[PDB]
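**Q** Take a look at this one; I'll ask things after.
When we count neighbours, we look across all protein chains shown, and the Cβ atoms used for this are built from the backbone with ideal geometry, even at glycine. Since every read-out is calculated from the coordinates, none of them should be taken as a lab result.
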Amino acid sequence: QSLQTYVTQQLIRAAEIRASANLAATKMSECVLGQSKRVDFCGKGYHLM
Amino acid sequence: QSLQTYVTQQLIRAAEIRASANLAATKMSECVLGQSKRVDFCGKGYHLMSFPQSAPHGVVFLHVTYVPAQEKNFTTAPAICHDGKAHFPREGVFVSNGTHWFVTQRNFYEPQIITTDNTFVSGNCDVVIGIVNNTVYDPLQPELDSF
Amino acid sequence: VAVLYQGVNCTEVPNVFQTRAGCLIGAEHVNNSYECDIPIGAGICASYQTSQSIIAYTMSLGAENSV
Amino acid sequence: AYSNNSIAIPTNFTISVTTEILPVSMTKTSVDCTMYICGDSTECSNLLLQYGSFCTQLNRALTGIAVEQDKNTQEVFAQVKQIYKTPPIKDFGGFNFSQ
Amino acid sequence: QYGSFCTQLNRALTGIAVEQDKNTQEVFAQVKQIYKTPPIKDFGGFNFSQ
Amino acid sequence: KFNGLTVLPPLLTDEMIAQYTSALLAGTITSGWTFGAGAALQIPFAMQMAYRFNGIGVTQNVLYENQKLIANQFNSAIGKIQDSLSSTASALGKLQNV
Amino acid sequence: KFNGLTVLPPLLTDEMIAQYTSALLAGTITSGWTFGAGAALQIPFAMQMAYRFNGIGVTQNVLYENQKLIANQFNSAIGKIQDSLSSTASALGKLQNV
Ligand SMILES: *[C@@H]1O[C@H](CO)[C@@H](O[C@@H]2O[C@H](CO)[C@@H](O)[C@H](O)[C@H]2NC(C)=O)[C@H](O)[C@H]1NC(C)=O
Ligand SMILES: *[C@@H]1O[C@H](CO)[C@@H](O[C@@H]2O[C@H](CO)[C@@H](O)[C@H](O)[C@H]2NC(C)=O)[C@H](O)[C@H]1NC(C)=O
Ligand SMILES: *[C@@H]1O[C@H](CO)[C@@H](O[C@@H]2O[C@H](CO)[C@@H](O)[C@H](O)[C@H]2NC(C)=O)[C@H](O)[C@H]1NC(C)=O
Ligand SMILES: *[C@@H]1O[C@H](CO)[C@@H](O)[C@H](O)[C@H]1NC(C)=O
Ligand SMILES: *[C@@H]1O[C@H](CO)[C@@H](O)[C@H](O)[C@H]1NC(C)=O
Ligand SMILES: *[C@@H]1O[C@H](CO)[C@@H](O)[C@H](O)[C@H]1NC(C)=O
Ligand SMILES: *[C@@H]1O[C@H](CO)[C@@H](O)[C@H](O)[C@H]1NC(C)=O
Ligand SMILES: *[C@@H]1O[C@H](CO)[C@@H](O)[C@H](O)[C@H]1NC(C)=O
Ligand SMILES: *[C@@H]1O[C@H](CO)[C@@H](O)[C@H](O)[C@H]1NC(C)=O
């Protein structure tokens, strides 16, 4: 029982952190290799780099 | 116990694939019915269009991407001073092959002669750096003198 | 109401209409096309309409036009 | 090769085609308790009745999953109000599309 | 006597580990080749020595 | 299937999905992108190519003056994409994994 | 580690990660973003700043005529960020929670 509970918790946290990984990838591809016009995405205001 | 474990696994996997479904929906709405300027979203490079295709339990796209090719390098200058005042390119980059100056667009080599049609002035040439000496052709004097 | 027996032939169940998802009783198959109300499956779904009865039919993919 | 006065510009371009494959839906499945846990016997159903309400939860979860999959496969594709059709004649300025 | 549980557990943990490796590979390695800065630094007065 | 497991067929069959994909392709190829906002309009494909080049920082003179040549690459592009899926089976990995 | 638990080292070590980050920074600083689409081109920093200003609705004359000043602030901002992390420890919270 204890081992199954631990495995389930780890599964949920990994599934959560996958979203942060994807968000970081999108920010790296947009804010860095170009300029993004999405307001309040890359910096608070008008973005430069 | 076994049945509960199976149900939990199925729940987690379905909740994961929901995200892929949402991502595919967003790509279908953006890449297909228009042009998206987000870098590395619809193809690797400058995006042109997409074509969707079905597949068993999935979707396959066809991103058509524009990619540059062999290039040549030259000497540049951020501005040109003609009559004491500065002269900046309206939309483009100043370039020169070492003898005659030209203005071109930023993604395809296309020299053009310097003219007041595609240039605007801002102050005199004493604060900007990298300023160079040249002349700006006027397209209205020739038909002034044609009379 | 109408009753659907899933994945079993109506040759040994006890106005029937055999379908892909199974076979159902209590409804009649029309040839027309309408927007789906109560989805059954395999492109076949039913609704309540005019006296009044439950009718099942093939789904309609919206209107059609050329350019 | 970087310097304070040197600009590189391309003189040609190539059009490329890139593919990417995305999953959409799983396979809608379902499992019934009494046929699975019990051997279609009252001697097992009576004992399972003592455990309360679990199978309602299980069936509800599986039905929710199936409905979500149907909604997903409906949402990804059906984004156009009406179905169009290509003209019988093909004249696209030399572009070939019959594949 | 309990059957096949540990196969499921080990499979889940291995899947998690491979997923983490894929994540850390995907976030960073988006460049085809490694570049290098020139030895001389002339960026119009801008300072990048940190 | 015997013990307790059942599978339900999908609501939309493969033919309907193919019909939607064909409709989307037909809209994109002729109507341009106006049908994504409101009613579907019509416009020649070359003009749409010009209006798509106009969105990435190049003028129309790039397309028309080379128009014929451009077509070749596109055709050749598709002429490769079949082969890229004609023999290689490692491209379709995610679906097989699922 | 004794009982039954083991930890596997990551595939990419720290120095390789630093090498990728350095490569990305160098590309951004000495090529603009042409390497983000295709081959890496080269262009000085001044007109890159000029175009980045041009990308938000201000003409180039804002940059050059104040270029020197634009340098100082950008240095001083960095001169602050170190003091923003040299003593404060609450900024690096999320990673700790990981
Ligand atoms: C731009 O590149 C294309 C090909 O990438 C060049 O077209 C080639 O031209 C030669 C000479 O006419 C032909 O032998 C090739 O078959 C052409 N290739 C293709 C794919 O058609 C084109 O000449 C280049 N343009 C410039 C200005 O360099
Ligand atoms: C698109 O390209 C295909 C492939 O060449 C063309 O199909 C060929 O058409 C010719 C004459 O119509 C036949 O002799 C070939 O056997 C066809 N190839 C096949 C079937 O693989 C097709 O005609 C082209 N379409 C357009 C509009 O140009
Ligand atoms: C960027 O700023 C730093 C901080 O002032 C400069 O580093 C200083 O350089 C001077 C002259 O070489 C030394 O006397 C100082 O000791 C350095 N400071 C530190 C903390 O090491 C650096 O030179 C600047 N970068 C330039 C000018 O390109
Ligand atoms: C142009 O680039 C090449 C390398 O791509 C370099 O060898 C050459 O010196 C450059 N030309 C100028 C004028 O800087
Ligand atoms: C530079 O281009 C001009 C454009 O006509 C030409 O007259 C001149 O000869 C060229 N110079 C060199 C060195 O290629
Ligand atoms: C570019 O750097 C060289 C190196 O000393 C210098 O002589 C030249 O004046 C610089 N150009 C500009 C425009 O600052
Ligand atoms: C440009 O010309 C003016 C007037 O002819 C002169 O004062 C100035 O020194 C020149 N600058 C350069 C860089 O040749
Ligand atoms: C149902 O029974 C009929 C009677 O002959 C048979 O033809 C048909 O194949 C059966 N269908 C199924 C799915 O068993
Ligand atoms: C129309 O419906 C009737 C009533 O069941 C049926 O007999 C007939 O075959 C249908 N026609 C078509 C073309 O489906």
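**Q** Is it the case that some residue within region D:37-53 is surrounded by fewer than 18 Cβ atoms within 10 Å (Cβ to Cβ), within 10 Å of chain F (Cβ to nearest Cβ) and in contact with a strand residue (DSSP E or B) (Cβ under 7 Å, 6 or more places away or on another chain)?
**A** No - not one qualifying residue is present in region D:37-53.
**Q** Among the residues of region C:32-67, write down those that are in contact with a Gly (Cβ under 7 Å, 6 or more places away or on another chain) and away from chain D (no Cβ under 12 Å).
**A** Within region C:32-67, C:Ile54, C:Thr58 qualify.
**Q** Moving on. Which condition breaks for D:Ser3 when tested against (1) in a strand (DSSP E or B); (2) under 30 Å from G:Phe45 (Cα atoms)?
**A** (1)
**Q** Quick check: is even one residue across region D:91-99 facing chain F (nearest Cβ under 7 Å), on the phi > 0 side of the Ramachandran plot and either within 16 Å of ligand 7 (Cβ to nearest atom) or surrounded by fewer than 17 Cβ atoms within 10 Å (Cβ to Cβ) (or both)?
**A** Yes.
**Q** Moving to a separate point now. For region D:1-57, enumerate the residues that are of a type in the set (S, T, N, Q) and closer than 30 Å to F:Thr88 by Cβ.
**A** Answer for region D:1-57, where residues must be of a type in the set (S, T, N, Q) and closer than 30 Å to F:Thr88 by Cβ: D:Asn12, D:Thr14, D:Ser16, D:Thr18, D:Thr19, D:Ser25, D:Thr27.
**Q** Determine whether F:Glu65 is under 30 Å from C:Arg20 (Cβ atoms), more than 7 Å from every other protein chain (Cβ to nearest Cβ), out of contact with any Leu (no Cβ under 6 Å at 6 or more places or on another chain) and of a type in the set (D, E, K, R).
**A** So F:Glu65 does not fit the description; no.
**Q** With the structure loaded, tell me whether D:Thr14 is under 30 Å from B:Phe41 (Cβ atoms), among the β-branched types (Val, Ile, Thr) and within 8 Å of chain F (Cβ to nearest Cβ) or whether it fails that test.
**A** Yes; evaluated as a whole, the condition is true for this residue.
**Q** Any residue in region B:128-138 that is surrounded by 15 or more Cβ atoms within 10 Å (Cβ to Cβ), part of a loop (DSSP other than H, G, I, E, B), touching a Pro at 6+ places or on another chain (Cβ under 6 Å) and within 11 Å of another protein chain (Cβ to nearest Cβ)?
**A** yes
**Q** A further question on this structure: Taking region C:21-51 as the region of interest, how many residues are within 21 Å of F:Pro10 (Cα to Cα) and away from ligand 9 (no atom under 16 Å from the Cβ)?
**A** 12
**Q** Turning to a different aspect of this structure: With respect to B:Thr65, determine if the residue is within 14 Å of chain D (Cβ to nearest Cβ) and in contact with a helix residue (DSSP H, G or I) (Cβ under 9 Å, 6 or more places away or on another chain).
**A** Judged against the criteria, B:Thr65 is a match.
**Q** If F:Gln60 satisfies all but one of (1) surrounded by 12 or more Cβ atoms within 10 Å (Cβ to Cβ); (2) more than 16 Å from the chain's Cα centre (by Cα); (3) more than 8 Å from every other protein chain (Cβ to nearest Cβ); (4) under 21 Å from B:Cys42 (Cβ atoms), what's the number of the condition it fails?
**A** (4)
**Q** Looking at F:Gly55 and the list (1) surrounded by fewer than 15 Cβ atoms within 10 Å (Cβ to Cβ); (2) assigned to a helix (DSSP H, G or I), which single condition is not satisfied?
**A** For F:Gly55, the failing item is (2).
**Q** Of B:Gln105, B:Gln35, which residue is in contact with a strand residue (DSSP E or B) (Cβ under 7 Å, 6 or more places away or on another chain), surrounded by 14 or more Cβ atoms within 10 Å (Cβ to Cβ) and not β-branched (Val, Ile, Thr)?
**A** Exactly one residue qualifies, and that residue is B:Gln35.
**Q** For residues that are within 12 Å of chain D (Cβ to nearest Cβ) and among the polar types (S, T, N, Q), scanning just region B:68-101, find the one that is nearest to ligand 8 (Cβ to nearest atom).
**A** B:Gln70
**Q** To continue, here is another question. Please verify whether B:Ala69 is more than 28 Å from F:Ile70 (Cα to Cα) and either among the hydrophobic types (A, V, I, L, M, F, W, C) or surrounded by fewer than 16 Cβ atoms within 10 Å (Cβ to Cβ) (or both), treating the condition exactly as stated.
**A** It is false that B:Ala69 is more than 28 Å from F:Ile70 (Cα to Cα) and either among the hydrophobic types (A, V, I, L, M, F, W, C) or surrounded by fewer than 16 Cβ atoms within 10 Å (Cβ to Cβ) (or both).
**Q** Determine which single condition F:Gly38 fails, assuming it passes every other condition in (1) surrounded by 14 or more Cβ atoms within 10 Å (Cβ to Cβ); (2) closer than 30 Å to D:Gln82 by Cβ; (3) more than 10 Å from chain B (Cβ to nearest Cβ); (4) not polar (S, T, N, Q).
**A** So F:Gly38 meets the others, but not (1).
**Q** Then there's this: So is B:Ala15 more than 8 Å from chain F (Cβ to nearest Cβ) and surrounded by 20 or more Cβ atoms within 10 Å (Cβ to Cβ) or not?
**A** Taking the combined requirement at face value, the residue does not satisfy it.
**Q** Could you identify the single residue in D:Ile15, D:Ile89 that is of a type in the set (A, V, I, L, M, F, W, C) and more than 16 Å from ligand 2 (Cβ to nearest atom)?
**A** Being of a type in the set (A, V, I, L, M, F, W, C) and more than 16 Å from ligand 2 (Cβ to nearest atom) holds for just one of D:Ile15, D:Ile89, which is D:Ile15.
**Q** Say whether the condition of being of a type outside the set (D, E, K, R), surrounded by 18 or more Cβ atoms within 10 Å (Cβ to Cβ) and part of a helix (DSSP H, G or I) is met by at least one residue in region G:76-86.
**A** The answer is no, given that none of the residues of region G:76-86 is of a type outside the set (D, E, K, R), surrounded by 18 or more Cβ atoms within 10 Å (Cβ to Cβ) and part of a helix (DSSP H, G or I).
**Q** Which fully enclosed strands (runs of 3 or more DSSP E) of region B:1-106 have 2 or more residues being of a type in the set (A, V, I, L, M) and within 16 Å of ligand 4 (Cβ to nearest atom)?
**A** By residue number, B:93-96.
**Q** Can you name every residue in region G:1-51 that is outside any loop (DSSP other than H, G, I, E, B), touching a helix residue (DSSP H, G or I) at 6+ places or on another chain (Cβ under 7 Å) and within 26 Å of E:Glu19 (Cα to Cα)?
**A** Listed by number, the residues that qualify are G:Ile17, G:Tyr20, G:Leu24.
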